[PDB]
Amino acid sequence: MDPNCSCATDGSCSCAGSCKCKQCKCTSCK
Ligand SMILES: [Cd+2]
Ligand SMILES: [Cd+2]
Ligand SMILES: [Cd+2]
């Protein structure tokens, strides 16, 4: 797992539009 970003790898993260990840890099919300 990652520190700042805590998005899974299943793809159920569906972050963005309300992401609180500090260092998120899910391609889109990167
Ligand atoms: Cd994240
Ligand atoms: Cd994500
Ligand atoms: Cd994100």
# chains A, B, ... in the order shown; residues from 1 in each chain; ligands from 1

call {"tool": "residues_around", "arguments": {"residues": "range 2-12 of chain A", "least_positions_apart": "2", "cutoff": "9 Å", "atoms": "only C-alpha atoms", "output": "NGL selection string"}}
result
:A and (14-15 or 20-26)

call {"tool": "write_last_selection", "arguments": {"atoms": "N, CA and C atoms", "output": "short mmCIF file (atom, residue, chain, number, x, y, z; two decimals), in the first residue's frame"}}
result
data_model
loop_
_atom_site.label_atom_id
_atom_site.label_comp_id
_atom_site.auth_asym_id
_atom_site.auth_seq_id
_atom_site.Cartn_x
_atom_site.Cartn_y
_atom_site.Cartn_z
N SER A 14 -12.29 4.42 -7.52
CA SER A 14 -13.14 5.39 -8.18
C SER A 14 -13.00 6.76 -7.50
N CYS A 15 -11.76 7.11 -7.19
CA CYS A 15 -11.48 8.37 -6.54
C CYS A 15 -11.89 9.50 -7.49
N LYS A 20 -9.18 12.76 -1.28
CA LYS A 20 -8.47 13.45 -0.21
C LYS A 20 -7.03 12.94 -0.16
N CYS A 21 -6.65 12.22 -1.21
CA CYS A 21 -5.31 11.67 -1.29
C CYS A 21 -4.33 12.83 -1.50
N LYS A 22 -3.24 12.78 -0.75
CA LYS A 22 -2.22 13.81 -0.84
C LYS A 22 -1.37 13.58 -2.09
N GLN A 23 -0.86 12.37 -2.20
CA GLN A 23 -0.03 12.01 -3.34
C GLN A 23 -0.69 10.88 -4.14
N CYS A 24 -1.85 11.19 -4.69
CA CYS A 24 -2.60 10.22 -5.48
C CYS A 24 -2.14 10.33 -6.94
N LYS A 25 -2.06 9.18 -7.59
CA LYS A 25 -1.63 9.14 -8.98
C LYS A 25 -2.33 7.97 -9.68
N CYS A 26 -3.64 8.08 -9.78
CA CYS A 26 -4.44 7.04 -10.43
C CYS A 26 -4.68 7.46 -11.88
#
